[PDB]
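We count ligands from 1, going down the list as the structure has it; atoms in each ligand are counted the same way. Here is the naming used below: chain letters follow the sequence lines, and residue numbers restart at 1 for every chain.
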Amino acid sequence: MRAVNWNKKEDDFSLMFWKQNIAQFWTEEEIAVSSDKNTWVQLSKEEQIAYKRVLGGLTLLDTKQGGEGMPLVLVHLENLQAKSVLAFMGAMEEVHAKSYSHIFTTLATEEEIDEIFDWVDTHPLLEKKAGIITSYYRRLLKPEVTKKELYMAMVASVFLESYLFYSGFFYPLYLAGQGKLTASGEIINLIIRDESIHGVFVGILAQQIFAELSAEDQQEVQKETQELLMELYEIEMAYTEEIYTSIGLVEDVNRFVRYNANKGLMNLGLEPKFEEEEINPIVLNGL
Amino acid sequence: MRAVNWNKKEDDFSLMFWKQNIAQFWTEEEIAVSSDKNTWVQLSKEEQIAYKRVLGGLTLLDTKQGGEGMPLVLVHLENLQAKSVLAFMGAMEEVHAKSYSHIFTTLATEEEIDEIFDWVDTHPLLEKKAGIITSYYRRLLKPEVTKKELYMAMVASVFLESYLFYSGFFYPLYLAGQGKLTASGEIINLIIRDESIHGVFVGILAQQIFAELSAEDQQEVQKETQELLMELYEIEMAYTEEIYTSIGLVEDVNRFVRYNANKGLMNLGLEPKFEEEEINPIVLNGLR
Ligand SMILES: [Fe+3]
Ligand SMILES: [Fe+3]
Ligand SMILES: [Fe+3]
Ligand SMILES: [Fe+3]
């Protein structure tokens, strides 16, 4: 049985991603967010509700990525150096998830926080979208998986980390770009700096597996990938309407969702499927 | 579907373990090992071989703990705060495994290193030992597990974390306790500082599951636990004989194995099974 041997490379990229993930290590104690209360009170009830809801959704996605997506993909990888990188990424997803609780502690009472999480648990679109992604992960709960099964779990993972988080990240960035909740925005930027490299790395691994598939299996997962992209897109458009109609941002968020879907496709080595639009300039200022 | 909510505790210990694991964070670039060359060359050929073999075995165990043990135990936990801790622990196992490569780069040529890893891969006792532990983890590759299956995977994990590593950790500590390979010894001490808290934490989780089992299931896993302890003990005694006979340390290491088996049992809330024997005094100095 093999032990990981970093003195013989298993691929051309795991070491650089290992070093970059480590170099980016952080925890929430590093960013105090009490100073955000001054701008929090300037928001309306509807703005505060939208913010709390989106962060709740992000927390759910990170919970599933650290607790199901990274563990189950990594268990079935044969490359021990790449597996090492995924294990570190999974730990960072738990740091990300916990960092949302650090923000909530400053912005909400204990009762308001347990309302957020009750709303998350019972929410039908979050249940549907998380269920679609984790169905691919839960297919890996068996002793031997096919490469198609592993590939599709990697596709689901890239779509979560490069695409599905963005209908939520939009709002903290948009507010930070307007000088509101800027300490929380710094946390979100640290999360995004990690997520960006997560989706690239998993996308590299997915492209490697794809090239190992038979032609018949390639055709199958190519079609399933495009269907999944658009199945998730329909749900995201329903989610954005629900979260953002009250604050007049639906179409803006939808543009941002499309921009990030294209990035997720590119991370998989696939062509964009939505028209190229430039990033909202307020969001850009928040980045 | 539930998201982790750290503003409502799911238990009385996950937050403290989370904070401690994070406070202990380290990577292999923090400890330069070049200066160990001056004592490395003073070791005999037999001593150098034993060191390299033990570190190769340790690498294998961490490789399996980070890549199977932590992921498969955590995926089936219902407690999202405890799952978070296990995910961080699994990442640290990868740091541990990689740190052995950093030591090897100083102590061995490229060809000698690839020989270490070939000896690990084809080694029958390492294969048997790791296979026994990972069989409990691989049982969890299914959508629905029983609490007996999850409990026994946690037992296997504690036995890896608190017991099986010690036939290998003995020798780096023994040399460091004599002023030899002290930089590598510092790394091993950082690893042990993590491993100790890993085994304590998983042992707490195992005790919680155990209390939910029926009395019949409790007596079944108690029997499996005692048998597994001794199945691993027989293999460890063969392993210590193979590794340490050339350098006269077999009985010392066996005493250390028994001491750490007792620690593993106590991490699970169980009584010791080996007579109390104080730790080798030089090993204790390598831990100081
Ligand atoms: Fe994340
Ligand atoms: Fe991520
Ligand atoms: Fe370890
Ligand atoms: Fe450990």
Side-chain angles (χ1 to χ4, degrees), chain A residues 3-4 17 21 24 58-59 61-71 73-74 84-97 99 133 154 156-166 168-169 188 190-203 264 267, chain B residues 17 21 24 26 28 55 57-71 73-74 85-100 133 154 156-166 168-169 187-203 264 267:
Chain A
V4 66
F17 278 86
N21 278 274
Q24 290 175 195
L58 295 173
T59 307
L61 296 177
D62 272 304
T63 302
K64 299 321 295 204
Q65 192 70 352
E68 289 187 14
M70 295 294 91
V73 167
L74 82 80
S84 301
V85 177
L86 296 184
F88 199 93
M89 296 173 33
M92 289 307 298
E93 305 299 7
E94 305 294 354
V95 171
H96 298 175
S99 75
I133 294 300
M154 295 174 168
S157 182
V158 171
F159 282 171
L160 188 158
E161 299 193 294
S162 298
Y163 162 31
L164 286 194
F165 278 128
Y166 286 90
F169 286 146
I188 267 56
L190 292 170
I191 295 170
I192 287 169
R193 183 183 68 175
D194 291 338
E195 195 72 300
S196 291
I197 71 170
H198 291 183
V200 173
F201 185 68
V202 176
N267 286 166
Chain B
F17 278 86
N21 279 272
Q24 288 176 196
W26 64 278
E28 78 207 38
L55 261 58
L58 297 175
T59 307
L60 175 59
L61 294 180
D62 269 313
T63 297
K64 301 317 296 197
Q65 193 67 354
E68 295 190 9
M70 289 298 93
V73 170
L74 82 81
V85 177
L86 297 184
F88 197 94
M89 293 172 34
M92 291 305 298
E93 306 298 11
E94 307 294 354
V95 174
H96 299 173
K98 187 165 185 297
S99 79
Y100 300 122
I133 293 299
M154 294 175 175
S157 179
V158 171
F159 281 173
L160 186 155
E161 296 280 356
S162 300
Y163 165 30
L164 277 195
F165 278 113
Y166 286 91
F169 287 148
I187 293 168
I188 272 57
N189 271 286
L190 289 172
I191 293 171
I192 292 176
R193 178 181 77 174
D194 291 338
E195 195 67 301
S196 57
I197 74 169
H198 291 178
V200 171
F201 186 70
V202 178
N267 283 166

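If you look at A/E161 and ask which of its N, O or S atoms sits nearest the Fe ion (ligand 2), the answer is OE2. Among heteroatoms of the N, O or S kind in B/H96, ND1 lies nearest the Fe ion (ligand 3).
With 2.8 Å as the limit, B/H198 does not count as an N, O or S neighbour of the Fe ion (ligand 3). Among the backbone and side-chain atoms of B/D62, an N, O or S atom lies under 2.8 Å from the Fe ion (ligand 3). Because the distance cut-off is set at 2.8 Å, B/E93 qualifies as a neighbour of the Fe ion (ligand 4) through one of its N, O or S atoms.
Of the N and O atoms on the side chains of A/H198 and A/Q65, not one donor lies less than 3.5 Å from an acceptor on the other residue.
Considering only heavy atoms from C-beta on, A/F201 stays 4.5 Å or farther from A/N21 through its side chain. No side-chain heavy atom of A/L190 sits under 4.5 Å from any side-chain heavy atom of A/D194.
A donor-acceptor contact shorter than 3.5 Å links the side chain of A/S99 to the backbone of A/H96.
In this pair, B/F169 and B/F165 present their aromatic rings parallel. The plane angle is below 30°, not in the 30 to 60° band.
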